[PDB]
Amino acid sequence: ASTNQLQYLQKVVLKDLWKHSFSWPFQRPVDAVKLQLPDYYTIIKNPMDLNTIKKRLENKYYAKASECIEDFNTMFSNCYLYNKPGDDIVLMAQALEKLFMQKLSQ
C-alpha cells in the first residue's frame, strides 16, 4: 500500500542522510543558548531535527509517508526561514535537501 514507501525512508534515506558529511548540525536539537541564538525557539513553531525523524519512524508514528516527508522539508524550511541567503548553515542544508530529493525511488 502506502507503507512500503515508509521504511524506504527509514532504512535508506534517513540512514543515507545521517552518514552524510553535512548532517551533524541537523542531527540533534538546536542548543539555542550555546549557539548565541536567543530566539530560535520563539521563532520556530515546529522544531525538527534528524533524530526526531528516526524516532517517529521507529515509533511508527507516521501514517502515510506523506506525513513523514513533511517533516524532512520542515527541517530544511525551518533552516531557510531562520537564516538568510549565503549562510554556511544554509548551503549545508541546500546540499542535504539535494541528496534527500535524489532518493525519489520508492
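Basically, rigid core = biggest C-alpha set you can superpose within 1.5 Å across the two forms. Numbers for residues come from their place in the sequence shown, where the first is 1.
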property: Higher-deviation segment by CA RMS in 8 other deposited structures of this protein, core fitted, 21-29 or 94-102; result: 21-29
property: Comparing 52-60 and 39-47 where Cα RMS over structures and residues is taken in 8 other deposited structures of this protein (core fit), larger one; result: 39-47
property: 93-101 set against 5-13, stretch whose average Cα temperature factor tops the other in the entry; result: 5-13
property: Stretch exceeding the other in mean C-alpha B-factor - 47-55, 74-82; result: 47-55
